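This report refers to the structure that appears directly beneath it.
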Amino acid sequence: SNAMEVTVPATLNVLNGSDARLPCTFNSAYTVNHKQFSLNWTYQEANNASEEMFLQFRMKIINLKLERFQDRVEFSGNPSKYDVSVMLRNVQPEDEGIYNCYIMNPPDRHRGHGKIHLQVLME
């Protein structure tokens, strides 16, 4: 094909105080090689705000411990089965925003992008 298919919910609605799993799966002809696979997760308050990386895969999962998320971010995927989902525990109203997943799976030439708008409902 001409692109890496990435499957995410365009809008994700979560009750304040609950856990938010951000689902992100992708398609590729090639087995994921942990020594070359790349994964980037970023947050932005809005489309015109800067992206803040909070998780990366380089050889292993790297949790950047972004301050706005405390220690509530967990990797919730499995690259060997094409799942790069993240978990956000105990969501607060400030977690509302745009979450981007960027994927590269060498030697696959196409790179992937998923974009989720997380909205926090009143509890």
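Our numbering is plain: 1 for the first residue shown, then up by one each step along the chain.
Technique stated in the header: X-ray crystallography, 1.9 Å.
Backbone N, Cα and C atoms are what each Cβ position is placed from, and that goes for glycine too.
Here's what Swiss-Prot has on this protein:
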type     : residues : note
DISULFID : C24-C101 : disulfide bond
CARBOHYD : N16      : N-linked glycosylation site
CARBOHYD : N40      : N-linked glycosylation site
CARBOHYD : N48      : N-linked glycosylation site
SITE     : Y30      : site 'Binds SCN2A'
SITE     : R109     : site 'Binds SCN2A'
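As recorded in the PDB entry:
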type   : residues : note
SEQADV : 1-3      : expression tag
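Annotated features, which come from Swiss-Prot, shown on the structure.
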residue : record                      : CB count, 10 Å
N16     : N-linked glycosylation site : 14
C24     : disulfide bond              : 28
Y30     : site 'Binds SCN2A'          : 11
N40     : N-linked glycosylation site : 19
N48     : N-linked glycosylation site : 6
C101    : disulfide bond              : 25
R109    : site 'Binds SCN2A'          : 8
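Each residue contributes its Cα atom, and for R109 (site 'Binds SCN2A') and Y30 (site 'Binds SCN2A') those atoms are 10 Å apart. Put simply, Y30 (site 'Binds SCN2A') is 34 Å from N48 (N-linked glycosylation site) when counted between their Cα atoms. Here the Cα atom of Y30 (site 'Binds SCN2A') is found 19 Å from that of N40 (N-linked glycosylation site). A Cα-Cα distance of 6 Å separates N40 (N-linked glycosylation site) from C101 (disulfide bond). Counting only the Cα atoms, the space from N16 (N-linked glycosylation site) to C24 (disulfide bond) is about 21 angstrom. Secondary structure from DSSP puts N48 (N-linked glycosylation site) in coil.
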